[PDB]
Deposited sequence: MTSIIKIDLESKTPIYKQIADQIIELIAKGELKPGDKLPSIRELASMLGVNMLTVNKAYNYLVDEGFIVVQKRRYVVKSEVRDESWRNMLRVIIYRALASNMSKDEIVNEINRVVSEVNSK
């Protein structure tokens, strides 16, 4: 009920998981250092296969919002503009 899986959105499930984990980090409901649920504990929480959560947790690792602390997932601690620049550009070019 914290992470809403939107089954008819066209955002892939793993990406809605990741997006919402970022929102929760943004909202501060997940402070830094906060260990995350297991891949298995979160999949079952959501009704989802571990693979989709795996993909979600890895997306968050490459993007730099969580980190692995000997095989457990933890919110990191530090430091999207190019994203803005491309949509203004896409905006004004209309």
Could you name the stretches of the deposited sequence that have no C-alpha atoms in this structure? 1-2, 82-85, 101-121
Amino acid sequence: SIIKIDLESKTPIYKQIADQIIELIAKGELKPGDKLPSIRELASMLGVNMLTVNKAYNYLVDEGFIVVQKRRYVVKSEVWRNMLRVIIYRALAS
From here on, numbers count along this sequence of modelled residues.
Which of the two stretches, 21-29 or 70-78, shows the higher mean Cα temperature factor in the record? 70-78
